[PDB]
Amino acid sequence: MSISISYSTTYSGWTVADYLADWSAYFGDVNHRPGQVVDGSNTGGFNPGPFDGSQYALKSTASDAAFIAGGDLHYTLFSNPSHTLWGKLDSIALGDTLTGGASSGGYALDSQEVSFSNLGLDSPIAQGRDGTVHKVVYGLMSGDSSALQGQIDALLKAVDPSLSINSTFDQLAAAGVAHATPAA
């Protein structure tokens with residue numbers, strides 16, 4: 001039930017908060033909003049889709065950044081409550097260069113920098129766009145990871161009250177929550 005974090009050794013001395021503030025700005029905002037949607041540019045994709053998946057993945061339109069959201073996710077499109085992403089969010093993986101899809105056995109990052117697993121998030125359809133899953137993932141699409149940061153901060157303090165998003169990855173490794181992965 002405890003949050004698990006992976007990080008490239010490159011980020012060992014970063015705080016989680018500082019990494020996510022930079023990642024949000026580096027990915028930027030794909031502008032998935034009325035009158036701005038561009039299929040194959042700023043929709044992302046589900047595995048296996050078309051409107052539900054064990055993964056939802058999106059590449060930046062500003063940089064090589066990409067994320068993969070993992071769990072059991074559902075998008076309502078026009079159906080009440082419209083344009084809601086709901087369901088279970090277990091993991092967020094952040095890095096560069098999205099590959100794959102259903103036919104490849106899933107989505108993958110060429111360079112996975114950081115991931116957060118065992119997030120334990122579950123938002124029902126009835127909450128619509130006010131659901132935590134919706135707000136966490138939409139923040140990643142739109143250059144504001146405040147919602148994700150708050151959920152990670154809460155999960156860390158729940159493992160041990162000395163931990164927070166102001167901890168470095170190396171501090172979270174010493175606390176048994178985080179695990180170093182190979183550098184790009």
# chains A, B, ... in the order shown; residues from 1 in each chain; ligands from 1
call {"tool": "residues_around", "arguments": {"residues": "residue 121 (chain A)", "least_positions_apart": "6", "cutoff": "8 Å", "atoms": "only C-alpha atoms", "output": "PyMOL selection string"}}
result
chain A and resi 88-90+132-133
call {"tool": "write_last_selection", "arguments": {"atoms": "C-alpha atoms", "output": "compact mmCIF listing (two decimals), in the first residue's frame"}}
result
# COMPACT_ATOMS: atom_id res chain seq x y z
CA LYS A 88 -7.81 3.95 -10.92
CA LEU A 89 -4.44 5.70 -11.15
CA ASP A 90 -1.64 3.44 -9.86
CA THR A 132 -8.48 13.60 -8.02
CA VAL A 133 -7.46 11.29 -10.94
call {"tool": "select_by_dssp", "arguments": {"residues": "chain A", "states": "helix (DSSP H, G or I)", "output": "JSON, numbers by chain"}}
result
{"A": [9, 10, 11, 16, 17, 18, 19, 20, 21, 22, 23, 24, 25, 26, 27, 102, 103, 104, 125, 126, 127, 128, 129, 130, 132, 133, 134, 135, 136, 137, 138, 139, 140, 141, 142, 146, 147, 148, 149, 150, 151, 152, 153, 154, 155, 156, 157, 158, 159, 169, 170, 171, 172, 173, 174]}
call {"tool": "closest_residue", "arguments": {"among": "A:73, A:126, A:165, A:16", "to": "residue 91 (chain A)", "atoms": "only C-alpha atoms"}}
result
A:73
call {"tool": "atom_distance", "arguments": {"atom1": "CA of residue 166 (chain A)", "atom2": "CA of residue 31 (chain A)"}}
result
29.1 Å
call {"tool": "residues_around", "arguments": {"residues": "residue 56 (chain A)", "least_positions_apart": "3", "cutoff": "6 Å", "atoms": "only C-alpha atoms", "output": "ChimeraX atom specification"}}
result
/A:45-46,68-69
call {"tool": "write_last_selection", "arguments": {"atoms": "C-alpha atoms", "output": "mmCIF file, in the first residue's frame"}}
result
data_model
loop_
_atom_site.group_PDB
_atom_site.id
_atom_site.type_symbol
_atom_site.label_atom_id
_atom_site.label_comp_id
_atom_site.auth_asym_id
_atom_site.auth_seq_id
_atom_site.Cartn_x
_atom_site.Cartn_y
_atom_site.Cartn_z
ATOM 1 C CA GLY A 45 -3.579 7.803 -26.540
ATOM 2 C CA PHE A 46 -4.956 4.907 -24.500
ATOM 3 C CA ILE A 68 2.504 7.506 -18.982
ATOM 4 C CA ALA A 69 -0.386 7.224 -16.524
#
call {"tool": "atom_distance", "arguments": {"atom1": "CA of residue 12 (chain A)", "atom2": "CA of residue 180 (chain A)"}}
result
7.7 Å
call {"tool": "residues_around", "arguments": {"residues": "residue 54 (chain A)", "least_positions_apart": "5", "cutoff": "9 Å", "atoms": "only C-alpha atoms", "output": "PyMOL selection string"}}
result
chain A and resi 46-49+69-73+106
call {"tool": "atom_distance", "arguments": {"atom1": "CA of residue 147 (chain A)", "atom2": "CA of residue 105 (chain A)"}}
result
29.2 Å
call {"tool": "residues_around", "arguments": {"residues": "region 176-179 of chain A", "least_positions_apart": "5", "cutoff": "7 Å", "atoms": "only C-alpha atoms", "output": "list in words"}}
result
residues 3, 4, 5, 6, 7 and 169 of chain A
call {"tool": "select_by_dssp", "arguments": {"residues": "region 43-181 of chain A", "states": "strand (DSSP E or B)", "output": "VMD selection string"}}
result
chain A and resid 45 to 48 52 to 59 65 to 75 85 to 101 106 to 117 121 to 123 168 178 to 181
call {"tool": "residues_around", "arguments": {"residues": "residue 51 (chain A)", "least_positions_apart": "2", "cutoff": "8 Å", "atoms": "only C-alpha atoms", "output": "PDB file with N, CA, C and O atoms, in the first residue's frame"}}
result
ATOM      1  N   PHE A  46      -4.713   5.969 -25.495  1.00  0.00           N
ATOM      2  CA  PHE A  46      -4.956   4.907 -24.500  1.00  0.00           C
ATOM      3  C   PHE A  46      -4.416   3.578 -25.019  1.00  0.00           C
ATOM      4  O   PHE A  46      -4.418   3.277 -26.221  1.00  0.00           O
ATOM      5  N   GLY A  49      -7.314   1.446 -25.570  1.00  0.00           N
ATOM      6  CA  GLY A  49      -8.293   2.383 -26.123  1.00  0.00           C
ATOM      7  C   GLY A  49      -9.551   1.668 -26.586  1.00  0.00           C
ATOM      8  O   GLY A  49      -9.775   0.500 -26.277  1.00  0.00           O
ATOM      9  N   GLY A  53      -8.219   2.537 -20.919  1.00  0.00           N
ATOM     10  CA  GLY A  53      -6.930   1.844 -21.003  1.00  0.00           C
ATOM     11  C   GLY A  53      -6.367   1.535 -19.643  1.00  0.00           C
ATOM     12  O   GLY A  53      -6.693   2.224 -18.646  1.00  0.00           O
ATOM     13  N   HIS A  74     -10.517   5.772 -17.750  1.00  0.00           N
ATOM     14  CA  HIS A  74     -11.731   5.866 -18.582  1.00  0.00           C
ATOM     15  C   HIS A  74     -11.965   7.326 -18.897  1.00  0.00           C
ATOM     16  O   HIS A  74     -11.888   8.134 -17.969  1.00  0.00           O
ATOM     17  N   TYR A  75     -12.224   7.633 -20.164  1.00  0.00           N
ATOM     18  CA  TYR A  75     -12.566   9.007 -20.602  1.00  0.00           C
ATOM     19  C   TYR A  75     -13.995   9.031 -21.131  1.00  0.00           C
ATOM     20  O   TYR A  75     -14.382   8.141 -21.917  1.00  0.00           O
ATOM     21  N   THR A  76     -14.763  10.050 -20.724  1.00  0.00           N
ATOM     22  CA  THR A  76     -16.207  10.121 -21.055  1.00  0.00           C
ATOM     23  C   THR A  76     -16.508  10.862 -22.367  1.00  0.00           C
ATOM     24  O   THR A  76     -17.675  10.782 -22.800  1.00  0.00           O
ATOM     25  N   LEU A  77     -15.538  11.566 -22.953  1.00  0.00           N
ATOM     26  CA  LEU A  77     -15.724  12.354 -24.201  1.00  0.00           C
ATOM     27  C   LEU A  77     -16.965  13.250 -24.025  1.00  0.00           C
ATOM     28  O   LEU A  77     -16.918  14.154 -23.172  1.00  0.00           O
TER      29      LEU A  77
END
call {"tool": "residues_around", "arguments": {"residues": "residue 1 (chain A)", "least_positions_apart": "6", "cutoff": "10 Å", "atoms": "only C-alpha atoms", "output": "compact mmCIF listing (two decimals) with N, CA and C atoms, in the first residue's frame"}}
result
# COMPACT_ATOMS: atom_id res chain seq x y z
N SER A 117 4.73 4.98 -8.11
CA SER A 117 3.91 3.75 -8.17
C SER A 117 3.13 3.56 -6.87
N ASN A 118 2.13 2.69 -6.90
CA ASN A 118 1.27 2.45 -5.73
C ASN A 118 0.62 3.76 -5.28
N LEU A 119 0.15 4.58 -6.21
CA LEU A 119 -0.46 5.88 -5.84
C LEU A 119 -1.82 5.65 -5.16
N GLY A 120 -2.49 4.53 -5.45
CA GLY A 120 -3.74 4.13 -4.76
C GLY A 120 -4.89 5.09 -5.03
N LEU A 155 1.19 10.91 0.41
CA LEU A 155 1.59 9.48 0.46
C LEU A 155 2.92 9.33 1.20
N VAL A 159 3.85 7.26 4.88
CA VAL A 159 4.93 6.26 5.13
C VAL A 159 5.65 6.66 6.41
call {"tool": "closest_residue", "arguments": {"among": "A:10, A:157, A:128, A:182", "to": "residue 79 (chain A)", "atoms": "only C-alpha atoms"}}
result
A:128
call {"tool": "closest_atom_pairs", "arguments": {"of": "region 35-99 of chain A", "to": "region 21-26 of chain A", "cutoff": "12 Å", "atoms": "only C-alpha atoms", "output": "Markdown table"}}
result
| residue | atom | partner | partner_atom | distance |
| --- | --- | --- | --- | --- |
| A:59 | CA | A:26 | CA | 11.4 |
| A:60 | CA | A:26 | CA | 8.5 |
| A:61 | CA | A:26 | CA | 10.2 |
| A:62 | CA | A:26 | CA | 7.6 |
| A:63 | CA | A:26 | CA | 6.7 |
| A:64 | CA | A:26 | CA | 8.8 |
| A:65 | CA | A:26 | CA | 7.0 |
| A:66 | CA | A:23 | CA | 9.7 |
| A:67 | CA | A:23 | CA | 10.1 |
| A:93 | CA | A:23 | CA | 11.5 |
| A:94 | CA | A:23 | CA | 8.1 |
| A:95 | CA | A:23 | CA | 8.5 |
| A:96 | CA | A:23 | CA | 10.4 |
call {"tool": "closest_residue", "arguments": {"among": "A:20, A:8, A:139, A:58", "to": "residue 101 (chain A)", "atoms": "only C-alpha atoms"}}
result
A:58
